[PDB]
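# below: the sequence, then the experimentally determined structure.
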Amino acid sequence: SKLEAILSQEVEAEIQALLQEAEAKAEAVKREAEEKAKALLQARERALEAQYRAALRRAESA
Amino acid sequence: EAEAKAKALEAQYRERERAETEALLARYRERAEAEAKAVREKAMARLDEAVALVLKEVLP
């Protein structure tokens, strides 16, 4: 029956939108983590680099 | 494992640092050691006259 065919297909289209949202909510998380990590290594690269350059400076001073 | 990256950062930072400073004093010190001798050796020369000079001044 053309009505119930359509009722199936719609509900089924409704499924397709749920999935698509859920996927996006996963992706945004995925991408968050990625940035978060990048930013952390940055903070420690900076500091260590500095702590190096200055330390050795104190070696010279001796 | 991003914490791992950061850990790894430490390694080299601590290691190289150690090594360089550990060398640094030694090398410098040994140039000091060198220079030190060479100024003694300068001194030798200008030893005798200083005393001669000094000796005359005090006497009266």
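The structure has been received and is ready for your questions. Numbering: from 1, shown residues only, chains lettered A, B, ... in the order given.

# now do the strands in chain A.
In chain A, no strands are defined using DSSP state E.

# would you mind naming what in it lies close to chain B?
By Cβ under 8 Å from any Cβ of the partner chain, the residues of chain A that approach chain B are A:36-37, A:40-41, A:44-45, A:48-49, A:51-52, A:55-56, A:58-60, A:62. C-beta: built from backbone N, CA, C; applies to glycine.

# narrow these to those in helices?
A:36-37, A:40-41, A:44-45, A:48-49, A:51-52, A:55-56, A:58-60 (DSSP state H).

# hmm, residue B:19 and residue A:55 touching each other?
No. Counting by Cβ atoms under 8 Å, residue A:55 stays clear of residue B:19, with 11.7 Å between them.

# looking at those two, which is more packed in?
residue A:55 (15 against 10; other Cβ atoms under 10 Å in any protein chain shown).

# now that one. Nearest residue, chain neighbours left out?
residue B:17 (5.6 Å; Cβ to Cβ, 6 or more residues apart in numbering or on different chains).

# residue B:6 now?
residue A:44 (4.6 Å).

# tell me how far that neighbour lies from residue A:29.
23 Å (Cβ to Cβ, to the nearest Å).

# same question, residue A:12
Taking Cβ to Cβ, one finds residue A:12 at 27 Å from residue A:29.
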